file target-v7.txt (compact mmCIF, C-alpha atoms)
# COMPACT_ATOMS: atom_id res chain seq x y z
CA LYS A 1 15.70 5.57 91.87
CA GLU A 2 14.62 6.02 88.25
CA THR A 3 16.99 7.68 85.79
CA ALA A 4 15.98 10.90 84.07
CA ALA A 5 15.67 9.09 80.80
CA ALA A 6 13.44 6.31 82.23
CA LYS A 7 11.31 8.97 83.77
CA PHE A 8 10.87 10.62 80.37
CA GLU A 9 9.72 7.37 78.73
CA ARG A 10 7.37 6.76 81.65
CA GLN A 11 5.77 10.17 81.49
CA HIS A 12 5.85 10.85 77.74
CA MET A 13 6.10 7.72 75.60
CA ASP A 14 3.13 5.79 74.23
CA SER A 15 4.08 4.07 70.98
CA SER A 16 1.35 1.36 71.31
CA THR A 17 -1.21 3.84 69.89
CA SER A 18 -0.75 6.15 66.88
CA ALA A 19 -3.32 8.69 68.16
CA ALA A 20 -5.24 9.78 71.29
CA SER A 21 -7.55 6.82 71.24
CA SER A 22 -10.59 8.01 73.28
CA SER A 23 -12.03 10.76 75.39
CA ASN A 24 -11.03 8.36 78.26
CA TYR A 25 -7.39 8.28 77.18
CA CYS A 26 -5.89 10.92 79.52
CA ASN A 27 -7.87 9.80 82.52
CA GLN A 28 -6.58 6.24 82.10
CA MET A 29 -2.96 7.11 81.11
CA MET A 30 -2.25 9.80 83.66
CA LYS A 31 -3.23 7.34 86.38
CA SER A 32 -1.47 4.30 84.79
CA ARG A 33 1.86 6.16 84.50
CA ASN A 34 1.60 7.38 88.10
CA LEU A 35 1.16 11.00 87.11
CA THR A 36 -1.67 11.55 89.58
CA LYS A 37 0.01 10.18 92.71
CA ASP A 38 1.14 13.23 94.68
CA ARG A 39 -1.23 15.62 93.01
CA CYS A 40 -2.79 15.90 89.60
CA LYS A 41 -0.08 16.83 87.12
CA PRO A 42 -1.65 19.93 85.45
CA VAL A 43 -0.49 19.17 81.84
CA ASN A 44 1.25 16.22 80.25
CA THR A 45 1.91 15.23 76.68
CA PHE A 46 2.22 11.63 75.40
CA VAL A 47 4.15 10.98 72.14
CA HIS A 48 2.95 8.19 69.81
CA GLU A 49 6.17 7.70 67.89
CA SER A 50 8.86 5.06 68.18
CA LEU A 51 11.39 5.56 70.90
CA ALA A 52 14.19 5.69 68.26
CA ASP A 53 12.30 8.51 66.60
CA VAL A 54 11.90 10.59 69.73
CA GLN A 55 15.55 10.00 70.74
CA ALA A 56 16.68 11.20 67.30
CA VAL A 57 15.23 14.61 68.15
CA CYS A 58 18.33 15.17 70.33
CA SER A 59 20.34 15.56 67.12
CA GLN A 60 17.76 17.76 65.42
CA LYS A 61 17.08 21.46 65.71
CA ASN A 62 18.77 23.09 68.70
CA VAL A 63 16.54 25.76 70.23
CA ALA A 64 16.40 27.67 73.57
CA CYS A 65 14.44 26.01 76.37
CA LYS A 66 11.70 27.86 78.09
CA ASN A 67 13.89 27.99 81.15
CA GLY A 68 16.64 29.72 79.28
CA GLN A 69 18.95 26.72 79.00
CA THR A 70 20.20 25.74 75.54
CA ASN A 71 19.89 21.91 75.53
CA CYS A 72 16.48 21.89 73.79
CA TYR A 73 15.78 20.43 70.39
CA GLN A 74 12.85 20.70 68.04
CA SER A 75 11.72 17.89 65.76
CA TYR A 76 12.09 18.63 61.98
CA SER A 77 8.88 16.65 61.38
CA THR A 78 5.57 16.83 63.20
CA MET A 79 4.78 13.87 65.49
CA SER A 80 1.53 12.44 66.73
CA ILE A 81 0.96 13.55 70.34
CA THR A 82 -1.87 13.68 72.84
CA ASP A 83 -2.10 16.58 75.27
CA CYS A 84 -3.65 15.93 78.68
CA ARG A 85 -4.98 19.01 80.42
CA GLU A 86 -6.50 19.00 83.90
CA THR A 87 -10.20 19.99 84.01
CA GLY A 88 -12.22 21.99 86.53
CA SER A 89 -13.99 19.01 88.13
CA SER A 90 -10.51 17.60 88.66
CA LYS A 91 -10.16 17.48 92.44
CA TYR A 92 -7.24 15.52 93.90
CA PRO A 93 -7.24 12.51 94.26
CA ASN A 94 -9.98 12.44 91.62
CA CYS A 95 -7.94 14.02 88.82
CA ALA A 96 -9.78 14.73 85.60
CA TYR A 97 -8.29 15.34 82.18
CA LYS A 98 -9.25 16.48 78.72
CA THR A 99 -7.63 14.42 75.95
CA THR A 100 -6.45 16.23 72.84
CA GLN A 101 -4.73 14.64 69.85
CA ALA A 102 -2.59 16.76 67.54
CA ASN A 103 0.34 16.56 65.13
CA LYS A 104 3.07 18.97 66.04
CA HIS A 105 6.77 19.52 66.42
CA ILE A 106 7.91 18.57 69.85
CA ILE A 107 10.67 20.32 71.77
CA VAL A 108 12.59 18.19 74.28
CA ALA A 109 15.65 18.94 76.57
CA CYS A 110 18.40 16.31 76.23
CA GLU A 111 21.38 15.31 78.27
CA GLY A 112 23.80 12.61 79.21
CA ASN A 113 25.73 9.91 77.54
CA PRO A 114 24.15 8.80 75.42
CA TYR A 115 22.39 12.09 74.78
CA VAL A 116 18.71 11.29 75.31
CA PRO A 117 15.50 13.14 76.10
CA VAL A 118 14.97 13.91 79.78
CA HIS A 119 12.19 16.59 79.65
CA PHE A 120 9.32 17.63 77.38
CA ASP A 121 9.45 21.40 76.93
CA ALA A 122 6.78 22.32 74.36
CA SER A 123 5.02 21.40 71.18
CA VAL A 124 4.62 23.79 68.27

call {"tool": "encode", "arguments": {"input": "target-v7.txt", "output": "structure tokens"}}
result
Amino acid sequence: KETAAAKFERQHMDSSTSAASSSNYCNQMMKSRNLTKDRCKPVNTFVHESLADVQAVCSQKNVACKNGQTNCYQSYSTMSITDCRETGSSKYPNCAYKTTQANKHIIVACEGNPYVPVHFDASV
């Protein structure tokens, strides 16, 4: 088992780099983090901020989640993220991704005790 919170850090945290390093980035990371094991995860965002910073978002701006639930929060500041988007030539198990760096507000769903991020909802 892996807790919800550990899963979030696995799928979305990458504080070692401040930006989307290369055009290779998503191809390497999606595989490293086991995001291309059962299929190619269509889209995935990595956050290049400190873990304390991303956790703090749970006390920031409360907004509606895409799914209609209300445990979503938006960062007051923009954060450095990298979006990974599956390409056309991407054919499981040979998943292919486009790497895109950006600075945006992230929206995460939080839960538990302590209240931590468990899902990445959107970036804006």

call {"tool": "residues_around", "arguments": {"input": "target-v7.txt", "residues": "residue 106 of chain A", "least_positions_apart": "5", "cutoff": "6 Å", "atoms": "all atoms listed in the file", "output": "PyMOL selection string"}}
result
chain A and resi 74-75+122-123

call {"tool": "closest_residue", "arguments": {"input": "target-v7.txt", "among": "A:88, A:120, A:9, A:110", "to": "residue 62 of chain A", "atoms": "all atoms listed in the file"}}
result
A:110

call {"tool": "closest_residue", "arguments": {"input": "target-v7.txt", "among": "A:22, A:27, A:34, A:101", "to": "residue 10 of chain A", "atoms": "only C-alpha atoms"}}
result
A:34

call {"tool": "atom_distance", "arguments": {"input": "target-v7.txt", "atom1": "atom CA of residue 82 of chain A", "atom2": "atom CA of residue 112 of chain A"}}
result
26.5 Å

call {"tool": "closest_residue", "arguments": {"input": "target-v7.txt", "among": "A:53, A:83, A:38, A:111", "to": "residue 4 of chain A", "atoms": "all atoms listed in the file"}}
result
A:111

call {"tool": "atom_distance", "arguments": {"input": "target-v7.txt", "atom1": "atom CA of residue 61 of chain A", "atom2": "atom CA of residue 84 of chain A"}}
result
25.1 Å

call {"tool": "atom_distance", "arguments": {"input": "target-v7.txt", "atom1": "atom CA of residue 13 of chain A", "atom2": "atom CA of residue 115 of chain A"}}
result
16.9 Å

call {"tool": "closest_residue", "arguments": {"input": "target-v7.txt", "among": "A:76, A:46, A:97, A:92", "to": "residue 58 of chain A", "atoms": "only C-alpha atoms"}}
result
A:76

call {"tool": "residues_around", "arguments": {"input": "target-v7.txt", "residues": "residue 32 of chain A", "least_positions_apart": "4", "cutoff": "12 Å", "atoms": "all atoms listed in the file", "output": "number ranges by chain"}}
result
A: 10-11, 14, 25-28, 36-37

call {"tool": "closest_residue", "arguments": {"input": "target-v7.txt", "among": "A:90, A:50, A:103, A:44", "to": "residue 15 of chain A", "atoms": "only C-alpha atoms"}}
result
A:50

call {"tool": "axis_aligned_box", "arguments": {"input": "target-v7.txt", "around": "segment 57-72 of chain A", "padding_each_side": "5 Å", "output": "AutoDock Vina command-line options"}}
result
--center_x 16.0 --center_y 22.2 --center_z 73.3 --size_x 18.6 --size_y 25.1 --size_z 25.7

call {"tool": "closest_residue", "arguments": {"input": "target-v7.txt", "among": "A:113, A:118, A:107, A:95", "to": "residue 39 of chain A", "atoms": "all atoms listed in the file"}}
result
A:95

call {"tool": "build_atoms", "arguments": {"input": "target-v7.txt", "residues": "segment 57-76 of chain A", "atoms": "N, CA, C and O atoms", "output": "compact mmCIF listing (two decimals), in the coordinates of the input"}}
result
# COMPACT_ATOMS: atom_id res chain seq x y z
N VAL A 57 15.52 13.19 68.03
CA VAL A 57 15.23 14.61 68.15
C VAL A 57 16.42 15.30 68.85
O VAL A 57 16.70 16.48 68.59
N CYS A 58 17.19 14.55 69.65
CA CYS A 58 18.33 15.17 70.33
C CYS A 58 19.43 15.60 69.37
O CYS A 58 20.34 16.28 69.78
N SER A 59 19.36 15.18 68.11
CA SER A 59 20.34 15.56 67.12
C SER A 59 19.68 16.47 66.11
O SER A 59 20.25 16.74 65.06
N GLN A 60 18.46 16.92 66.38
CA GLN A 60 17.76 17.76 65.42
C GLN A 60 17.93 19.25 65.61
O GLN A 60 19.06 19.70 65.82
N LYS A 61 16.86 20.03 65.59
CA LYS A 61 17.08 21.46 65.71
C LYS A 61 17.28 22.03 67.12
O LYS A 61 16.38 22.01 67.96
N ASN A 62 18.48 22.52 67.39
CA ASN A 62 18.77 23.09 68.70
C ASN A 62 18.06 24.45 68.90
O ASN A 62 18.18 25.36 68.08
N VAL A 63 17.27 24.55 69.96
CA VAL A 63 16.54 25.76 70.23
C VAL A 63 16.66 26.03 71.75
O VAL A 63 17.02 25.14 72.51
N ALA A 64 16.37 27.26 72.16
CA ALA A 64 16.40 27.67 73.57
C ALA A 64 15.24 27.03 74.33
O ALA A 64 14.13 26.91 73.80
N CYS A 65 15.50 26.59 75.56
CA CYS A 65 14.44 26.01 76.37
C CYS A 65 13.74 27.14 77.03
O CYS A 65 14.32 28.22 77.24
N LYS A 66 12.51 26.86 77.42
CA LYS A 66 11.70 27.86 78.09
C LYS A 66 12.42 28.41 79.31
O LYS A 66 12.28 29.57 79.65
N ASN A 67 13.17 27.56 79.97
CA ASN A 67 13.89 27.99 81.15
C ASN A 67 15.16 28.74 80.83
O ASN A 67 15.87 29.14 81.72
N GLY A 68 15.43 28.99 79.57
CA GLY A 68 16.64 29.72 79.28
C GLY A 68 17.85 28.86 79.02
O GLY A 68 18.87 29.37 78.59
N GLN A 69 17.79 27.56 79.28
CA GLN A 69 18.95 26.72 79.00
C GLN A 69 18.97 26.48 77.50
O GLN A 69 18.00 26.81 76.82
N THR A 70 20.08 25.97 76.97
CA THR A 70 20.20 25.74 75.54
C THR A 70 20.20 24.30 75.06
O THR A 70 20.45 24.08 73.88
N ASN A 71 19.92 23.35 75.92
CA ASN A 71 19.89 21.91 75.53
C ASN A 71 18.50 21.42 75.05
O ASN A 71 18.09 20.29 75.34
N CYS A 72 17.79 22.25 74.30
CA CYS A 72 16.48 21.89 73.79
C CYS A 72 16.56 21.70 72.28
O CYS A 72 17.43 22.30 71.61
N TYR A 73 15.75 20.77 71.79
CA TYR A 73 15.78 20.43 70.39
C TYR A 73 14.38 20.29 69.92
O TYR A 73 13.53 19.72 70.62
N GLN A 74 14.16 20.76 68.70
CA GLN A 74 12.85 20.70 68.04
C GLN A 74 12.85 19.68 66.90
O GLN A 74 13.81 19.61 66.14
N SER A 75 11.81 18.86 66.81
CA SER A 75 11.72 17.89 65.76
C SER A 75 11.53 18.58 64.38
O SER A 75 10.83 19.58 64.29
N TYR A 76 12.24 18.09 63.35
CA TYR A 76 12.09 18.63 61.98
C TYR A 76 10.72 18.27 61.46
O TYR A 76 10.10 19.07 60.79
